[PDB]
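A.B. asks: One structure follows; several queries about it will come next.
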Amino acid sequence: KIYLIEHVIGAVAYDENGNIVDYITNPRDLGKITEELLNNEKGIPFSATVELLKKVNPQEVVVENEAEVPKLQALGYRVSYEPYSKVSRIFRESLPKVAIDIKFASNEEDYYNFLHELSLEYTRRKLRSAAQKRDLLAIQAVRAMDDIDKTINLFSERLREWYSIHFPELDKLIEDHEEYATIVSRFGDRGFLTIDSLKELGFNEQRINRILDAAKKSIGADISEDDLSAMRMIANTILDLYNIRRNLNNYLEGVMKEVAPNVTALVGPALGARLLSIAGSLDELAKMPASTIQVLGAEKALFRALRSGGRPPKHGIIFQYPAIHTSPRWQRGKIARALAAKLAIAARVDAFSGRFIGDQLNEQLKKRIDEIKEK
Amino acid sequence: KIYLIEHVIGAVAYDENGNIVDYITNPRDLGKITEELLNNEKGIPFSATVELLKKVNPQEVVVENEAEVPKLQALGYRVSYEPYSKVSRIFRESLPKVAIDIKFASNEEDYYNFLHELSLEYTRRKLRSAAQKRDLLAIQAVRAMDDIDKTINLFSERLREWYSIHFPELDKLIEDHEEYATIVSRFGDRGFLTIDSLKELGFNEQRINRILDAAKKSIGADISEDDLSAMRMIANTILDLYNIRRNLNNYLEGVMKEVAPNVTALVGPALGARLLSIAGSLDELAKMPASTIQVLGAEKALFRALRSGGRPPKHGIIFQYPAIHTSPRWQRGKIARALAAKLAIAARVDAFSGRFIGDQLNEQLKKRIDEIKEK
Amino acid sequence: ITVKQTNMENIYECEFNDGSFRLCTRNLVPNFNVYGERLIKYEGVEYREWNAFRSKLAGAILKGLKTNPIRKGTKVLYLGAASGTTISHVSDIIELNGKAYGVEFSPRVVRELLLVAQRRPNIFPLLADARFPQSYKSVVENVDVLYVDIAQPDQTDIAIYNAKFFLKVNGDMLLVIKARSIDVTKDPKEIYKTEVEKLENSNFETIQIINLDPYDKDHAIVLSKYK
Amino acid sequence: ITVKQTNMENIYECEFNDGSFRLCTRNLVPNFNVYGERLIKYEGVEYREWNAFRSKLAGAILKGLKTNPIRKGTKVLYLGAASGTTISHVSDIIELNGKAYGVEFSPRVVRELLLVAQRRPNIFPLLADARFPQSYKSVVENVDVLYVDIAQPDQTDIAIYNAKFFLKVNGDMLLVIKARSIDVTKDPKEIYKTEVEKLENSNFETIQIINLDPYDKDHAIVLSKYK
Amino acid sequence: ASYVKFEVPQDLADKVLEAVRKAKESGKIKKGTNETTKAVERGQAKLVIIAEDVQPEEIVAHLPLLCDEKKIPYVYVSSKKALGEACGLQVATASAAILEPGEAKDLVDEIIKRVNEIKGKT
Amino acid sequence: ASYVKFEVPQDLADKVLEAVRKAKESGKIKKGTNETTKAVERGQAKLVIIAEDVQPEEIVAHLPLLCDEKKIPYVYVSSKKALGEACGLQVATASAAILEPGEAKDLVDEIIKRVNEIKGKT
RNA sequence: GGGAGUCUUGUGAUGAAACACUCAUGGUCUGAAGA
RNA sequence: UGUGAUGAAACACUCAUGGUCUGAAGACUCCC
RNA sequence: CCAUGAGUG
RNA sequence: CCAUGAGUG
Ligand SMILES: Nc1ncnc2c1ncn2[C@@H]1O[C@H](CSCC[C@H](N)C(=O)O)[C@@H](O)[C@H]1O
Ligand SMILES: Nc1ncnc2c1ncn2[C@@H]1O[C@H](CSCC[C@H](N)C(=O)O)[C@@H](O)[C@H]1O
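Residue numbers (the numbering used here), protein chains in the order written: chain A, 2 to 376; chain B, 2 to 376; chain C, 17 to 243; chain D, 17 to 243; chain E, 158 to 279; chain F, 158 to 279.
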């Protein structure tokens, strides 16, 4: 019976007593060790392990890691693992020393000089594979889009408050923020309004006269061009911002179809993106129960109920789903519960690499929405 | 003794009992009444009131307004006022009716039609003189700056967390936000960084290489040009908003040397504007004791101490004054108290139409500051 | 749906589709709402849904205003008209015969009061400080009811002053007490008592003292008669 | 100003310009600071100011930690290394001879751990999940001290699993119990009794139980010996 | 001076200066411009006294406005040093206020009722 | 299916289903995928039972990962209808959890130890 | 320790809790009945 | 309908108005 | 929402 | 920060 070890130091064999039966030392080479370190994660034995499994030819072999066992059985051997074995322990208790003993390094002095540089480089590599994930861009993109949403709304309320020093009636005449900033951008003084800039917006002729009269009889304040230009800087930024949102929206749409097609199919790209931002990743989203996905984003209300034993929230960011916020209070709960359910199914096929199945999920979803609404 | 009444209805004289001695009805003309109601606010007598004091030729006149009293004296009569006289009530007790009696209108039906459209017009007018105040622009402007201040910070924080998916090493290498923003905006992929476009920013040759070496050695992700151009939308906006802020700070200075020079003289346009925003107007800041100005902008902190008998805030938005946030903790309290004192004098000399005196106000202030610092 | 009169003039309750009950006033300018309220037709008449949570007067009623001095054909001085929420509804109540004068010294907000005051000949906008009743003196007459919902530390002292200008003897005054806008330190229940004594030492005959909670926290309305 | 040794190796106190007393360590990498900490020279030697409010270790020290198992040349496995605030200071304590293996599985944060791990040969950074020590089995040795500061509901179990891999017998574990991250409903103090029992069932000998409040709310640190 | 709204005769002026003094002793006063402003906002002041030689004037120009909004009567005295040394101070004061008249109730009631006559009130 | 790491002999698969049943009576169990997920998240399940005939495969795929994180053993049964109908339901179930074995202690402890031998554990 | 003056100061001495934001980790409802 | 039935408090903001600290001390110098 | 670690204006 | 009246995404 022979017990087997895997490390930067190489591959070593022990009898159960804790004596090195045979060893094959690793190359003291950063590049190569790193790789075999990444590989032993997936079950791949060090190359030094395969040779050592050859010099002594043991009837019973046992390793540290359970992902290795199916690989080594495929080489012909009878293999198992004992994770935190007396041998593995006996092995590291002597790691100050046995690096020198199997002649991996001359002294204790530059074993750590190296093990450090490997430790530096092994993780530097993982830092990269992580940044390389597709879903991070999906998350950062929509967080940023929402940062713009907030901003547009803020400036618009400033600009309405600000421009109304000059032209108050205009505020209550245009519901749309984008339409309004566009008026202030193009014209300036209230007295420069002309019909063609107004027919260019999409404004129907009836509104057009109501606007031109409003400007005429305005009890507003007469103001310098320096004052108007100030307002218009704020106005123009609002317009810029509206464009970028749509660009980002398109950018997000692609990504959200690339990394997470099924989830995107159910609730659309942003909200799918949104849930990716709260969970942190797709794979973390996938492992979630529906009862959690249902309330993601209502953390204040959730922990209020859980602390106090009061009533919980029906919906978190899931609230944005058109069906939910259009529908009455008693339907929302049943719609959320059903939706979240479909969502974990949507998510799980995505992360665990399933091919697109979003259609029947939708069908399944809209069905349950119909059973619900028919009461 | 004749008690004199003044109304939209015209000008009335009464004996002490409340019996109509004589009248001169106003013309049923919106235009003249609106101007005379505004004039009577400054004490100017109705023109119709002027005639009535000629026909009847009274020893003693008494008016409803104490502001009117000196005007009619300058006109030659002996005048006083009784605020809520029994005659004034008697007049108005009979106002549904005596409107018809003196023939201002035929009936009740359209005296009320008129007084309604006077009131619409009389206040349409007052609504406009309010809009005409210059400090309003100062307030709206500086509100918009702080809005850009916030946005920039937000967008800047987003770009960095985002752009670090590709090039994580640039974040902690460039302390300043705008600078970071230009680098994302001119280049894109880290692999386009060049000494020349980078020597164009002003980067000392040493930091440029620290930058370029980091770009070479980046454990960030190789990422497409769509992702990158998406991030750049945000980088550019950060740049637009800084340019716009720099314009608004310049606009603001203009309005602020104009409407409140001494305040400005002391604390500058931004901070001064800011106190105008908080007080509501220049004339509200003028009326503040320093004990308020000193705590304007600490309302959470203030009332917390006021409700409970706790410790008060030392300073409010005043925290922004260089002397205050730089000087050690024990000095802030006194500097603030001294600034606020001067600010209130300054605000008061500015509103009540004083000329610039900011030189000595600063001199006096740096005195109080130099003393504080020598302990 | 079902709509029927209540014990008070021009004021109704509604039975609804589900079995819910909400106050309303008879719409003086049909098809037009000053805030977002439901418009409801019942036997072909249009009424305006009167949210108590927004208007102090509906609160006082739904909190038991025993009797209401504002009715069909009443003349009122309304200090603090603001955007026009409550005064639009008293327009529905006093109903053309009667008249309402709106004092309000805040222009950002009179801006929207203009609108409510165009559509309605009941309502007479006046941009003034109720602390100087001299400035609006020359546009109004005397009134039966003095409705005061103004944010001031001496709101009551103001109210008393306007009172001795314009309140007909034996008129009713509805004075709204804002504890937290008189003093956020003091206990609200302590304040109402301390202010009601203000009215009674100045000879108002307190008819009823109403606490608005939950319609309005730390709020009370007093009805008293002027002598 | 004066600097002097304390009862614990390579950990120092300062008499200051005013008379405040603050912890610090002998700076392993002079002229260089990992968070914003003050650098202080005395008789020509440089120390790093160890803010207890950021670092849990300094808290437990300032709260009467009986004995410190971290000293000149200790080999320590540190689960949940995060930004490197605390682990930078245990570098100063162990001093080139000693070795510190730092686990942390949030890439966003290992990013700055990297910077700290570069100047310091004391520190061996590992982007990994402390729940699977199979992953860092192939880089580390066995250790004298197991410092576990991870925000996890099964943080205690993680510590334990990690111990029977890397904890020498008669070696020590410093386990930070982060109550609100274990269960936000239970009383923090109930949490502590249950977790220490966990230690005591795996033949850990509870040596000392410290509460980090006021430096860290609802937090406790356990020092115990593995048998 | 322009923040000076109406005219004070030195007999009227003096009854004030005595009136202040008895109110330190028997009542309650607030001394200083900032305290007088707070005293008015608060409706604690029963009588507000303003000096005529303030420089610059605009320092106390706001008190007439405030006193009418809160309907508090105001009066002038000619020297600020004189109003301070009444106040129990050894330096000047530009404005002062009586919140509690005390054993000057009768004396204040005479002044507050006299500046009304010179203001044209019946 | 691919989310099943190892192979269950039907002498073990059935001794599984029986251990579930005794746990409804004498112990405490949980049924359904979302609840198993929580019983695994919370460290309540001692044994987690996942079906092999689930459609689509991805629904229960996260459980192996999870369970290895919380070191909670997991086992497969061949039929989904049977696992649900075992639970005291008349419908299928994709995954379940035993929280307290009750009178399946000796029975469970034997399973988790046989599924260990089949996993190559010493 | 007793006595004594000088400068600053109600045009404000002394005391004394300004505010706005981003990231990372964990704590993340119920569970068999429904028409 | 356990591939989740029933119950059941999603989140980000703007304007207007009022409530908006303390109050006479602090630093120096010369006599036995 | 609570707790922890890293920062910005 | 509290209260009140009007509004936004
Ligand atoms: N001094 C004053 N004079 C007149 N109105 C004032 C005032 N001070 C405050 N107000 C106004 O009083 C209003 C209180 S809200 C009350 C509005 C009205 N009661 C309604 O229910 O619709 C505020 O909008 C405020 O602008
Ligand atoms: N399972 C896990 N494995 C490794 N690290 C984990 C973990 N779960 C949480 N963590 C990390 O534990 C850290 C706790 S913050 C720790 C502060 C730091 N140890 C110091 O005192 O300086 C978080 O950064 C989190 O990322």
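Backbone N, C-alpha and C define an ideal beta-carbon position, used for all residues, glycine too.
(1) Counting only beta-carbon atoms, is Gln-150/D nearer than 8 Å to chain A?
(2) I want to know whether the stretch 129-149 of chain A touches the stretch 159-169 of chain B - three or more CB-CB distances under 8 Å.
(3) Is the closest heavy atom of ligand 2 to the C-beta of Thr-102/D under 7 Å?
(4) Three-state secondary structure (DSSP) at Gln-21/C?
(5) In chain order, which continuous runs of the alpha helix (DSSP H) of length 4 or greater are located wholly inside the stretch 200-275 of chain A?
(6) Would you kindly work out how many angstroms separate the C-alpha atoms of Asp-351/A and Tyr-160/F, rounded to a whole number?
(7) Quick check on this structure: which residue in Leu-39/A, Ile-101/A and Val-296/A has the alpha carbon closest to the alpha carbon of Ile-279/A?
(8) May I have the straight-line CA-CA distance separating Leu-344/A from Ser-252/F, to the nearest angstrom?
(9) Can you give the Cα-Cα distance for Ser-225/A and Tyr-113/B, rounded to whole angstroms?
(10) Would you mind telling me which residues of chain C sit closer than 8 Å to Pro-169/A, beta carbon to beta carbon, in chain order?
(11) In the structure shown, what three-state DSSP assignment does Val-234/E receive?
(12) Three or more C-beta pairs under 8 Å: does that hold for the stretch 5-20 of chain A against the stretch 84-92 of chain A?
(13) Tell me which residue opens and which closes the alpha helix (DSSP H) that residue 346/E is part of.
(14) Just the chain D side, please: which residues come within less than 7 Å of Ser-120/A by C-beta, in chain order?
(15) Which residue wins for smallest C-alpha separation from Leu-76/A, given the options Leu-54/A, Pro-314/A and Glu-170/A?
(16) When burial is assigned at 16 or more other CB atoms within 10 Å of the CB, is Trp-66/D buried or exposed?
(17) Under the rule that 16 or more other beta-carbon atoms within 10 Å means buried, what is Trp-331/A, buried or exposed?
(18) Determine, using beta carbons only, whether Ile-325/A and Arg-312/A come nearer to each other than 8 Å.
(19) Flag this pair as yes or no: are the beta carbons of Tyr-242/C and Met-189/C separated by less than 8 Å?
(20) Would you tell me roughly how many angstroms separate the C-alpha atoms of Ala-195/C and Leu-137/A, rounded to the nearest one?
(21) Does any heavy atom of ligand 3 sit closer than 7 Å to the C-beta of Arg-90/A?
(22) Determine the chain E residues that contact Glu-17/B at a beta-carbon separation under 7 Å, and present them in chain order.
(23) Beta carbons nearer than 7 Å to chain E: which residues of the stretch 58-84 of chain B have them?
(24) Taking 8 Å as the CB-CB limit, is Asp-351/A close to chain B?
(25) Please state the DSSP three-state secondary structure of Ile-3/B.
(26) Can you give me the start and stop residues for the alpha helix (DSSP H) that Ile-110/D sits inside?
(27) Going by C-alpha distance, which of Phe-140/C, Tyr-208/C, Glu-25/C and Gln-21/C is nearest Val-155/C?
(28) Whole angstroms is fine: what's the gap from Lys-79/D's alpha carbon to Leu-73/D's?
(29) Could you give the distance in angstroms between the alpha-carbon of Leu-340/A and the alpha-carbon of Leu-128/B?
(30) Anything in chain F within Cβ reach of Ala-287/A, meaning under 7 Å, just list it in chain order.
(31) Out of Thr-279/E, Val-205/E and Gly-277/E, point me to the one whose CA is closest to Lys-185/E's CA.
(32) Would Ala-167/C be called buried (16 or more neighbouring beta carbons within 10 Å of its own) or exposed?
(33) Who are the Cβ neighbours of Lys-43/A in its own chain at under 8 Å, not counting the five residues just before and after it?
(34) Measure the Cβ-Cβ separation of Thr-183/A and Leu-240/A and say whether it is below 8 Å.
(35) If I follow the unbroken beta strand (DSSP E) through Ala-249/F, where does it start and stop?
(36) Nearest CA to the CA of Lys-374/A: which residue from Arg-356/A, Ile-336/A, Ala-342/A and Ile-346/A?
C.D. replies: Put simply:
(1) yes
(2) yes
(3) yes
(4) strand
(5) For the stretch 200-275 of chain A, whole alpha helix (DSSP H) runs of length 4 or above, ordered along the chain, are 206-217, 226-259 and 262-268.
(6) So the alpha carbons of these two residues sit roughly 15 Å apart.
(7) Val-296/A
(8) 18 Å
(9) 40 Å
(10) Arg-127
(11) strand
(12) yes
(13) Nothing about residue 346/E can be read from this structure; chain E reaches only from 158 to 279.
(14) Per Cβ cutoff of 7 Å: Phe-140, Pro-141, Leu-142 and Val-155.
(15) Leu-54/A
(16) buried
(17) exposed
(18) no
(19) yes
(20) 52 Å
(21) Absence of ligand 3 from the depicted structure is noted, with ligand 1 and ligand 2 being the only ligands included.
(22) Per Cβ cutoff of 7 Å: no residues; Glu-17/B is ~11 Å from chain E at best.
(23) Taking 7 Å as the Cβ-Cβ cut-off against chain E, the residues of the stretch 58-84 of chain B that qualify are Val-63, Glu-67, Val-70, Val-80, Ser-81, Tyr-82 and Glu-83.
(24) no
(25) strand
(26) 101-110
(27) Here the closest residue by C-alpha is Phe-140/C.
(28) 10 Å
(29) 52 Å
(30) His-219
(31) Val-205/E
(32) exposed
(33) In its chain, beyond the 5 residues on either side, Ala-68 have a beta carbon closer than 8 Å to the beta carbon of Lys-43/A.
(34) yes
(35) First-last for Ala-249/F: undefined, no H or E at that position.
(36) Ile-336/A
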